[PDB]
Amino acid sequence: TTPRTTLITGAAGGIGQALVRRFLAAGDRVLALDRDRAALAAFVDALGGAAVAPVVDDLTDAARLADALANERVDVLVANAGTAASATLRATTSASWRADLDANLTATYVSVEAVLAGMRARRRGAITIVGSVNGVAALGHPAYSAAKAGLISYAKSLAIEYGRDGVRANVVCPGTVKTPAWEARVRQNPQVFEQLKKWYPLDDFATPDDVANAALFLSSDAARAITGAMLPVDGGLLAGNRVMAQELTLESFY
Amino acid sequence: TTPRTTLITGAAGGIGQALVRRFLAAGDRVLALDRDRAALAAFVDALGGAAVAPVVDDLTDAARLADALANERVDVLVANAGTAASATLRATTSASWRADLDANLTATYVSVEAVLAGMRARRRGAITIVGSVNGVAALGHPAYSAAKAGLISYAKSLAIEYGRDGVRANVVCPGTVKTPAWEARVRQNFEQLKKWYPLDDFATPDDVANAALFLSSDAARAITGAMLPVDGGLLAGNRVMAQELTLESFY
Ligand code: NA
């Protein structure tokens with residue numbers, strides 16, 4: 001008789017806002033978590049009085065977060081916080097390597113640990129991690145990629161250990177999605193997006209809404225038998241390489 | 001304005017019937033294809049006048065099936081036909097090996113080729129293949145498993161070649177499924193199988209159908225070439241071995 005409660009991290013970012021809007025549309029109470037207080041408050045204002053409550057937290061302390069959530073009973077975690085730092089190993093430092101691991105892998109561990117006890121107590125929980133195709137194939141951003149590969153491992157570890165408690169854990173792996181994370185690259189090469197279309201079999205990129213739709217599905221009773229899964233939402237990117245296939249077959253693929 | 005048309009193969013089996021019911025519930029006109037005419041007749045009768053039409057076909061002839069579909073505009077194919085013959089390589093013969101390849105891999109090729117040209121001409125199609133966890137990990141039924149691994153490859157080949165035509169191709173991989181036949185077998189005595197599954201329960205036919213429906217929908221319009229396990233966590237690892245390696249209980 002009360003709304004399902006969903007905690008969504010990185011809520012003020014491009015995919016995060018789409019996640020919040022989609023789960024709100026599905027009838028959830030959404031706890032929108034972001035480290036950026038001003039950006040989060042503005043998004044909450046824009047939502048117009050929805051069933052949303054902001055949480056300002058940087059995902060470095062699970063016990064602090066759990067205490068902040070003491071009046072809530074979180075049924076679903078969408079673990080979406082985490083951005084890439086260095087784009088190549090050449091550009092990577094030990095510090096930026098460690099920082100990408102903390103922000104993209106350990107932040108998710110912290111998010112899970114803040115809500116997992118209640119899920120297990122109620123024998124009901126869905127953990128839906130937003131990963132990346134970079135966690136599966138070498139495409140750049142190497143510390144980020146290693147962290148996102150670790151998230152796939154972590155989802156599977158969660159799945160086998162807590163499935164007996166009715167908790168499911170899955171990873172959605174987006175390809176290129178148009179978010180503010182691309183602003184610097186678009187300013188450097190304004191044709192980056194059109195040059196990228198050739199790699200994608202669907203000749204277009206997933207949108208933030210497309211990612212949110214997959215997260216909603218995996219978080220729902222329509223996926224109650226799905227756990228430990230990696231679902232790419234990537235316009236077909238991980239299936240292969242249609243640009244190389246065209247060169248290999250001398251037939252038109254794109 | 002007219003209903004989306006979905007072709008579902010192996011429609012009279014446990015998973016196939018759940019697929020037909022789920023897609024009918026979603027508003028589709030469903031073409032229910034099965035080799036067993038009497039089973040199709042019984043199923044159509046049980047559906048009670050829904051937007052369903054039977055197709056009796058054994059998936060050995062793509063042209064024959066395409067012509068049977070000449071007055072249809074199939075938008076979605078759920079390729080579900082195919083069962084396993086031999087349980088082990090010891091039990092397998094060259095003939096049973098080839099028969100499993102034809103029934104579980106080429107039958108899907110035939111099903112796709114019967115509808116793909118129209119999907120391309122209309123720039124709209126979703127191909128949703130029902131595979132198996134056996135196509136990903138070695139669990140027995142070896143020719144079946146090789147065929148099901150081939151289906152994952154075939155979906156990826158479809159995805160990269162026909163994405164430009166607005167056609168998507170994906171694979172749902174079930175583990176053990178609680179079909180009516182399975183329930184009847186279990187009622188004869190199988191609880192030793194639950195230990196392998198993290199969710200401590202098996203997928204139902206409707207669970208598989210829900211995944212097929214999602215992948216066939218606009219909510220998955222950016223998903224192609226994907227393998228989605230509907231397996232209660234079976235492919236994630238091995239919680240029985242994990243218990244022995246960690247000396248802690250996992251179930
Ligand atoms: Na292939």
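Both ligands and their constituent atoms are indexed starting at 1 by order of listing. Hydrogens, waters and symmetry mates play no part in the numbers below; they use all other heavy atoms, side chains included. Within every chain, numbering begins at 1; the chains are lettered A, B, ... in the order of the sequence lines, protein sequences first and strands thereafter.
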Using side-chain hydrogen bond (donor to acceptor under 3.5 Å, both in side chains) as the criterion, list what pairs up with B/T106, not counting sequence neighbours.
none
State the count of protein N/O/S atoms located less than 3.0 Å away from the Na ion (ligand 1).
2
Are B/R4 and B/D75 close enough for a salt bridge, meaning some N to O gap below 4.0 Å?
no
Tell me whether the centres of the aromatic rings in B/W182 and B/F202 are closer together than 6.0 Å.
yes
Return yes when atom CZ of B/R98 has more than 12 non-hydrogen atoms of other residues, nucleotides or ligands closer than 6.0 Å, and no otherwise.
no
For B/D102, check salt bridge (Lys or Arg N to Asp or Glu O under 4.0 Å) against everything at least two apart and list the hits.
none
Please enumerate all residues that pass ring pair (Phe, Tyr, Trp, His ring centres under 6.0 Å) together with A/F217, with sequence neighbours excluded.
B/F214
